[PDB]
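Notes to accompany the following structure.
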Amino acid sequence: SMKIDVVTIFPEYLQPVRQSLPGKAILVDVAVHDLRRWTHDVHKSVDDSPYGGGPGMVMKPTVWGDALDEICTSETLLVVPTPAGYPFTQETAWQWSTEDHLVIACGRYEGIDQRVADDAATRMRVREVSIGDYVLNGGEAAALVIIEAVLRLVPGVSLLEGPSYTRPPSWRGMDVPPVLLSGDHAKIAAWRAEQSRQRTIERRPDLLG
Amino acid sequence: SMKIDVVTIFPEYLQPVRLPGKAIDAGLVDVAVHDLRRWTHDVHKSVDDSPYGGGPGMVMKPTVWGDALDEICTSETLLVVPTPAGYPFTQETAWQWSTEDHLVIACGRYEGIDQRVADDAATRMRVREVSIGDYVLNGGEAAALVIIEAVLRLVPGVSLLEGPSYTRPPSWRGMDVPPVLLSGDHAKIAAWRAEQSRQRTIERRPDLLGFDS
Ligand SMILES: Nc1nc2ccc(F)cc2s1
Ligand SMILES: Nc1nc2ccc(F)cc2s1
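Top to bottom, those sequences are chains E and F.
Numbering-wise (my numbering), the first sequence opens with residue 82 and increments by one.
Numbering-wise (my numbering), the second sequence opens with residue 1424 and increments by one.
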């Protein structure tokens, strides 16, 4: 039984995930919250200029503080997607998949005032993470990736994998490698292992060192 | 002016594309989503089949994909295939693709797409199989959204880790903004921020500075 709350100024961005959940809600619950619910002024401000100057805006600690105060508990794992985070990996997804309550705080502009995470970390577990070495406009797409990578590891919803093939055996001048049709399953395994090695050398030499 | 076509068996998952929405609104980019099932011809609209050589799961049929890409792609197209087995998609990739006229993103499901699809396409156009990170998703759709966002924000007309940022009020819940940021001394602030960044990079991403883990 996992609950996921997402907080974002673009709640519509997350509709897809909710629409991808199968009739297993009848194990999981994913709720999306508009951050502007916790604003204080009639202009519904979520952003303000950075101390020390610089470009862009920083998300207000008073707004985020109120939102997390309402949504989080002592048992919550607070996930903050950010290009400045620790790497989110399959290992991370596996770890988080057994959590009872994930809260994902999606930032925009240049990030959330650091005191939000720092305050939260005094009473719950907080994880600032990056899904890869690129910059997005906001954390919403990273939240989608995280939610998908974690939930597909919840029961009931080294080397690279080599090429796969299905019917027909010949297509546009290209035959499926005959070994796959050979019925020699020891040999097929060895062939696949070698394909995996070559692909990894070529595309991800970092994985071999 | 860039054109992006996404091909998927779940076109509704690509709705969040409508900042990428502000780019489409302006008219600097056009994003179109295509249901792969549109190129099927049997009544069950089958797009997948069991793998040759054995193994778990299903593989997407080359025939349906070939017909789709035939209609959508030209020789000038950059065909992008998100896959956990791909070359890494990085900020450098995003910059490179930001000057493309036409991206076509093929979203796979199950255990992926028959390798011959990319092989065939590569005889007519440039093909890039890419991974957005070292985790497994159920399909290429979420990766397409990441790639679209990373690229579109770089389009003309649209290292180290960034350190912590702060805004008003200067004291909150008994936690103060670092005094140097309030001091108005640009050199001291630049120095403090450079330091915080290097400090955060060594702790969180030591690989960026050439260290283990
Ligand atoms: N503006 C933002 N960019 C990223 C990039 C990666 C990530 F995981 C989160 C964010 S929030
Ligand atoms: N089933 C799939 N997983 C991933 C993971 C990463 C990626 F970039 C693409 C895909 S398609």
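The beta carbon of each residue, even a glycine, is placed where N, CA and C say it ideally should be.
- Pairing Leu-1560/F with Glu-229/E gives a Cβ-Cβ distance under 8 Å.
- With a threshold of 8 Å between beta carbons, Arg-284/E makes contact with chain F.
- Taking one beta carbon from each stretch, the region 1608-1622 of chain F and the region 1480-1488 of chain F have fewer than 3 pairs nearer than 8 Å; the two do not touch.
- About 20 Å separates the beta carbon of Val-161/E from that of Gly-135/E, a gap too long to meet the 8 Å contact definition.
- Judged by DSSP in its simplified three-state form, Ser-211/E adopts strand.
- In chain F, no part has a C-beta under 8 Å from the C-beta of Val-113/E; the shortest such distance is about 12 Å.
- Between the alpha carbons of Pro-259/E and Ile-269/E lies a distance of about 10 Å.
- With 16 or more neighbouring CB atoms inside 10 Å of its own CB, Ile-1432/F falls in the buried class.
- Membership of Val-197/E in the alpha helix (DSSP H) is indicated by the continuous run 195-201.
- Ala-148/E does not reach chain F, its nearest Cβ partner there being about 14 Å away, counting only Cβ pairs nearer than 9 Å.
- Residue environment: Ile-1536/F is assigned as buried (16 or more neighbouring CB atoms within 10 Å of its CB, all protein chains considered).
- For the region 115-153 of chain E, the full-length alpha helix (DSSP H) segments reaching 4 residues or more read 142-152 along the chain.
- Of all C-beta pairs linking the region 205-214 of chain E to the region 117-132 of chain E, fewer than three are shorter than 8 Å, placing the two stretches out of contact.
- For the pair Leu-225/E and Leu-288/E, the CB atoms are not nearer than the 8 Å cut-off.
- With respect to the C-alpha of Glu-93/E, the residue from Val-109/E, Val-184/E, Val-257/E and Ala-222/E having the closest C-alpha is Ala-222/E.
- For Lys-1611/F, no pairing in a beta bridge is given by DSSP.
- Residue contact with chain F for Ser-82/E: absent (no Cβ-Cβ distance below 8 Å to any residue of chain F).
- For the region 1552-1586 of chain F, the beta-carbon criterion of a distance under 7 Å to any beta-carbon of chain E is satisfied by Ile-1555, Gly-1556, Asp-1557, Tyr-1558, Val-1559, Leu-1560, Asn-1561, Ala-1565, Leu-1568, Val-1569, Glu-1572, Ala-1573, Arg-1576, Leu-1584 and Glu-1585.
- In the three-state scheme derived from DSSP, where H, G and I count as helix and E and B as strand, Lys-105/E is classed as coil.
- DSSP lists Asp-1599/F as the beta-bridge partner residues of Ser-1594/F.
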